Amino acid sequence: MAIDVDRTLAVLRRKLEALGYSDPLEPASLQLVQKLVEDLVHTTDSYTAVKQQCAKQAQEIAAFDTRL
Amino acid sequence: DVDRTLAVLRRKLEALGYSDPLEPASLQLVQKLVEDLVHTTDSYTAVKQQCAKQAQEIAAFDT
């Protein structure tokens, strides 16, 4: 997961130092920006879900404390 | 359309000796996206680890 982000940064960094991505209205440039946005959305979704998992587990843990 | 307004504005700025104004703006956007992407990924990983711990703690309560 962090490996995927790492790769994304690697590809991005190549593109920036590489030529042909200097024109932000070039389709390749706009889709590069679009990919990053979508990556952030998916990652933000996953973060939200795992926050729920953690929250449910905290509830299960606190449920034991009361049983004793 | 907005695309033509920017193209016109681009041309008039090249004439005045100014580089494409969209490029700097685009770079800043990417800067913020990268930062958010990494920050959110760190938090994700951190919570993901907290779940593992809690999972063990829950496994111990059972047995």
# chains A, B, ... in the order shown; residues from 1 in each chain; ligands from 1

$ interface_residues --of "chain B" --to "chain A" --cutoff "10 Å" --atoms "only C-alpha atoms" --output "ChimeraX atom specification"
/B:3,6-7,20-27,29-30,33-55,57-58,61-62

$ write_last_selection --atoms "N, CA, C and O atoms" --output "short mmCIF file (atom, residue, chain, number, x, y, z; two decimals), in the first residue's frame"
data_model
loop_
_atom_site.label_atom_id
_atom_site.label_comp_id
_atom_site.auth_asym_id
_atom_site.auth_seq_id
_atom_site.Cartn_x
_atom_site.Cartn_y
_atom_site.Cartn_z
N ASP B 3 -11.21 26.79 -21.57
CA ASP B 3 -9.98 26.32 -22.19
C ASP B 3 -9.38 27.39 -23.11
O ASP B 3 -8.16 27.57 -23.16
N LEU B 6 -7.80 30.51 -21.22
CA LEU B 6 -6.47 30.23 -20.71
C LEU B 6 -5.43 30.26 -21.83
O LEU B 6 -4.30 30.71 -21.63
N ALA B 7 -5.82 29.77 -23.00
CA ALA B 7 -4.92 29.75 -24.15
C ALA B 7 -4.59 31.17 -24.58
O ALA B 7 -3.42 31.50 -24.81
N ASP B 20 4.48 30.07 -18.98
CA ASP B 20 3.12 29.57 -18.78
C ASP B 20 2.69 29.70 -17.32
O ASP B 20 3.33 29.13 -16.43
N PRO B 21 1.59 30.44 -17.06
CA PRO B 21 1.14 30.62 -15.67
C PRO B 21 0.44 29.40 -15.08
O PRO B 21 0.32 29.30 -13.86
N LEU B 22 -0.01 28.49 -15.94
CA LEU B 22 -0.71 27.30 -15.48
C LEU B 22 0.26 26.29 -14.88
O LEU B 22 -0.11 25.51 -13.99
N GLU B 23 1.49 26.29 -15.37
CA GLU B 23 2.48 25.31 -14.91
C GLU B 23 2.76 25.48 -13.41
O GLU B 23 2.66 24.52 -12.65
N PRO B 24 3.10 26.70 -12.96
CA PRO B 24 3.30 26.89 -11.52
C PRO B 24 2.10 26.45 -10.68
O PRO B 24 2.26 25.79 -9.66
N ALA B 25 0.90 26.83 -11.12
CA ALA B 25 -0.32 26.49 -10.40
C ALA B 25 -0.51 24.98 -10.34
O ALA B 25 -0.95 24.44 -9.33
N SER B 26 -0.16 24.31 -11.43
CA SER B 26 -0.30 22.87 -11.52
C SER B 26 0.69 22.19 -10.57
O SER B 26 0.36 21.18 -9.94
N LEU B 27 1.89 22.74 -10.48
CA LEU B 27 2.93 22.18 -9.61
C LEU B 27 2.53 22.28 -8.14
O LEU B 27 2.73 21.34 -7.37
N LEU B 29 -0.52 22.39 -6.97
CA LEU B 29 -1.59 21.42 -6.77
C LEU B 29 -0.99 20.04 -6.49
O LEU B 29 -1.40 19.35 -5.55
N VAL B 30 -0.03 19.64 -7.31
CA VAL B 30 0.63 18.35 -7.17
C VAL B 30 1.34 18.28 -5.82
O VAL B 30 1.28 17.27 -5.13
N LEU B 33 -1.30 17.56 -3.29
CA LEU B 33 -1.81 16.21 -3.48
C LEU B 33 -0.82 15.18 -2.94
O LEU B 33 -1.21 14.22 -2.26
N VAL B 34 0.46 15.37 -3.24
CA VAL B 34 1.50 14.46 -2.79
C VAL B 34 1.54 14.44 -1.26
O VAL B 34 1.58 13.38 -0.65
N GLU B 35 1.53 15.63 -0.66
CA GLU B 35 1.57 15.74 0.78
C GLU B 35 0.38 15.04 1.43
O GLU B 35 0.54 14.26 2.36
N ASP B 36 -0.82 15.32 0.92
CA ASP B 36 -2.03 14.71 1.45
C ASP B 36 -2.01 13.20 1.26
O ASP B 36 -2.39 12.45 2.16
N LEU B 37 -1.57 12.76 0.09
CA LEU B 37 -1.52 11.34 -0.22
C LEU B 37 -0.60 10.61 0.76
O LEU B 37 -0.93 9.52 1.23
N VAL B 38 0.54 11.21 1.06
CA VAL B 38 1.52 10.59 1.95
C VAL B 38 1.02 10.66 3.39
O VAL B 38 1.11 9.68 4.13
N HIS B 39 0.49 11.81 3.78
CA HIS B 39 0.00 11.99 5.14
C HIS B 39 -1.13 11.01 5.44
O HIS B 39 -1.15 10.38 6.50
N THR B 40 -2.06 10.87 4.51
CA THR B 40 -3.20 9.97 4.70
C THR B 40 -2.73 8.52 4.71
O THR B 40 -3.30 7.69 5.42
N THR B 41 -1.70 8.21 3.92
CA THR B 41 -1.17 6.85 3.86
C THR B 41 -0.48 6.50 5.17
O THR B 41 -0.57 5.37 5.65
N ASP B 42 0.23 7.47 5.75
CA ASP B 42 0.88 7.28 7.04
C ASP B 42 -0.15 6.98 8.12
O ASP B 42 0.00 6.04 8.89
N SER B 43 -1.19 7.80 8.16
CA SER B 43 -2.25 7.63 9.15
C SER B 43 -2.93 6.28 8.98
O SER B 43 -3.18 5.57 9.95
N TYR B 44 -3.22 5.92 7.73
CA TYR B 44 -3.79 4.61 7.42
C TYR B 44 -2.94 3.50 8.02
O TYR B 44 -3.44 2.65 8.76
N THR B 45 -1.65 3.52 7.69
CA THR B 45 -0.73 2.50 8.17
C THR B 45 -0.70 2.47 9.70
O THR B 45 -0.67 1.40 10.30
N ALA B 46 -0.73 3.65 10.31
CA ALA B 46 -0.68 3.76 11.77
C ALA B 46 -1.91 3.12 12.41
O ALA B 46 -1.79 2.41 13.41
N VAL B 47 -3.08 3.38 11.84
CA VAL B 47 -4.32 2.80 12.35
C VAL B 47 -4.35 1.31 12.05
O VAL B 47 -4.85 0.52 12.84
N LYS B 48 -3.81 0.93 10.89
CA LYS B 48 -3.78 -0.47 10.49
C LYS B 48 -2.98 -1.29 11.50
O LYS B 48 -3.29 -2.45 11.76
N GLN B 49 -1.95 -0.67 12.06
CA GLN B 49 -1.11 -1.31 13.06
C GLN B 49 -1.83 -1.37 14.40
O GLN B 49 -1.67 -2.32 15.17
N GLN B 50 -2.62 -0.34 14.68
CA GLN B 50 -3.38 -0.28 15.92
C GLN B 50 -4.45 -1.37 15.93
O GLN B 50 -4.80 -1.89 16.99
N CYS B 51 -4.96 -1.70 14.75
CA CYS B 51 -5.95 -2.76 14.62
C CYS B 51 -5.33 -4.12 14.92
O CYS B 51 -5.94 -4.97 15.56
N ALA B 52 -4.10 -4.31 14.44
CA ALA B 52 -3.38 -5.56 14.67
C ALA B 52 -3.19 -5.79 16.17
O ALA B 52 -3.46 -6.88 16.67
N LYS B 53 -2.74 -4.75 16.87
CA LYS B 53 -2.58 -4.81 18.31
C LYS B 53 -3.89 -5.18 19.00
O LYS B 53 -3.94 -6.09 19.82
N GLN B 54 -4.95 -4.46 18.65
CA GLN B 54 -6.26 -4.70 19.23
C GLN B 54 -6.76 -6.10 18.91
O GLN B 54 -7.44 -6.72 19.72
N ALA B 55 -6.41 -6.59 17.72
CA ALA B 55 -6.82 -7.93 17.32
C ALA B 55 -6.18 -8.98 18.23
O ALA B 55 -6.82 -9.96 18.61
N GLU B 57 -5.11 -8.35 21.34
CA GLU B 57 -5.70 -8.11 22.65
C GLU B 57 -7.06 -8.79 22.76
O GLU B 57 -7.42 -9.31 23.82
N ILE B 58 -7.80 -8.79 21.66
CA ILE B 58 -9.11 -9.40 21.61
C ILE B 58 -8.97 -10.92 21.60
O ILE B 58 -9.77 -11.63 22.20
N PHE B 61 -8.34 -12.04 25.20
CA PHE B 61 -9.53 -12.01 26.04
C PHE B 61 -10.35 -13.29 25.84
O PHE B 61 -10.82 -13.89 26.81
N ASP B 62 -10.51 -13.70 24.59
CA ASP B 62 -11.27 -14.90 24.27
C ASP B 62 -10.70 -16.12 24.98
O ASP B 62 -11.38 -16.73 25.81
#

$ select_by_dssp --residues "chain A" --states "helix (DSSP H, G or I)" --output "JSON, numbers by chain"
{"A": [2, 3, 4, 5, 6, 7, 8, 9, 10, 11, 12, 13, 14, 15, 16, 17, 27, 28, 29, 30, 31, 32, 33, 34, 35, 36, 37, 38, 39, 40, 41, 42, 43, 44, 45, 46, 47, 48, 49, 50, 51, 52, 53, 54, 55, 56, 57, 58, 59, 60, 61, 62, 63, 64, 65, 66, 67]}

$ decode --residues "segment 48-62 of chain B" --atoms "N, CA, C and O atoms" --output "JSON list (two decimals), in the first residue's frame"
[["chain", "number", "residue", "atom", "x", "y", "z"],
["B", 48, "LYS", "N", -3.81, 0.93, 10.89],
["B", 48, "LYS", "CA", -3.78, -0.47, 10.49],
["B", 48, "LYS", "C", -2.98, -1.29, 11.50],
["B", 48, "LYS", "O", -3.29, -2.45, 11.76],
["B", 49, "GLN", "N", -1.95, -0.67, 12.06],
["B", 49, "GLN", "CA", -1.11, -1.31, 13.06],
["B", 49, "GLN", "C", -1.83, -1.37, 14.40],
["B", 49, "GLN", "O", -1.67, -2.32, 15.17],
["B", 50, "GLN", "N", -2.62, -0.34, 14.68],
["B", 50, "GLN", "CA", -3.38, -0.28, 15.92],
["B", 50, "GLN", "C", -4.45, -1.37, 15.93],
["B", 50, "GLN", "O", -4.80, -1.89, 16.99],
["B", 51, "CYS", "N", -4.96, -1.70, 14.75],
["B", 51, "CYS", "CA", -5.95, -2.76, 14.62],
["B", 51, "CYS", "C", -5.33, -4.12, 14.92],
["B", 51, "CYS", "O", -5.94, -4.97, 15.56],
["B", 52, "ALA", "N", -4.10, -4.31, 14.44],
["B", 52, "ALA", "CA", -3.38, -5.56, 14.67],
["B", 52, "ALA", "C", -3.19, -5.79, 16.17],
["B", 52, "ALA", "O", -3.46, -6.88, 16.67],
["B", 53, "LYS", "N", -2.74, -4.75, 16.87],
["B", 53, "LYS", "CA", -2.58, -4.81, 18.31],
["B", 53, "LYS", "C", -3.89, -5.18, 19.00],
["B", 53, "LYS", "O", -3.94, -6.09, 19.82],
["B", 54, "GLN", "N", -4.95, -4.46, 18.65],
["B", 54, "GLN", "CA", -6.26, -4.70, 19.23],
["B", 54, "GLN", "C", -6.76, -6.10, 18.91],
["B", 54, "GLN", "O", -7.44, -6.72, 19.72],
["B", 55, "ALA", "N", -6.41, -6.59, 17.72],
["B", 55, "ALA", "CA", -6.82, -7.93, 17.32],
["B", 55, "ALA", "C", -6.18, -8.98, 18.23],
["B", 55, "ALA", "O", -6.82, -9.96, 18.61],
["B", 56, "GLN", "N", -4.92, -8.76, 18.59],
["B", 56, "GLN", "CA", -4.22, -9.64, 19.51],
["B", 56, "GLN", "C", -4.84, -9.57, 20.90],
["B", 56, "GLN", "O", -5.07, -10.59, 21.55],
["B", 57, "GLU", "N", -5.11, -8.35, 21.34],
["B", 57, "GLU", "CA", -5.70, -8.11, 22.65],
["B", 57, "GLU", "C", -7.06, -8.79, 22.76],
["B", 57, "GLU", "O", -7.42, -9.31, 23.82],
["B", 58, "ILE", "N", -7.80, -8.79, 21.66],
["B", 58, "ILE", "CA", -9.11, -9.40, 21.61],
["B", 58, "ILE", "C", -8.97, -10.92, 21.60],
["B", 58, "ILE", "O", -9.77, -11.63, 22.20],
["B", 59, "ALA", "N", -7.94, -11.41, 20.92],
["B", 59, "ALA", "CA", -7.67, -12.84, 20.85],
["B", 59, "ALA", "C", -7.28, -13.39, 22.22],
["B", 59, "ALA", "O", -7.53, -14.55, 22.53],
["B", 60, "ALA", "N", -6.67, -12.54, 23.04],
["B", 60, "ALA", "CA", -6.24, -12.93, 24.37],
["B", 60, "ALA", "C", -7.42, -12.99, 25.34],
["B", 60, "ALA", "O", -7.48, -13.87, 26.19],
["B", 61, "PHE", "N", -8.34, -12.04, 25.20],
["B", 61, "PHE", "CA", -9.53, -12.01, 26.04],
["B", 61, "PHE", "C", -10.35, -13.29, 25.84],
["B", 61, "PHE", "O", -10.82, -13.89, 26.81],
["B", 62, "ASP", "N", -10.51, -13.70, 24.59],
["B", 62, "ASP", "CA", -11.27, -14.90, 24.27],
["B", 62, "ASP", "C", -10.70, -16.12, 24.98],
["B", 62, "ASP", "O", -11.38, -16.73, 25.81]]
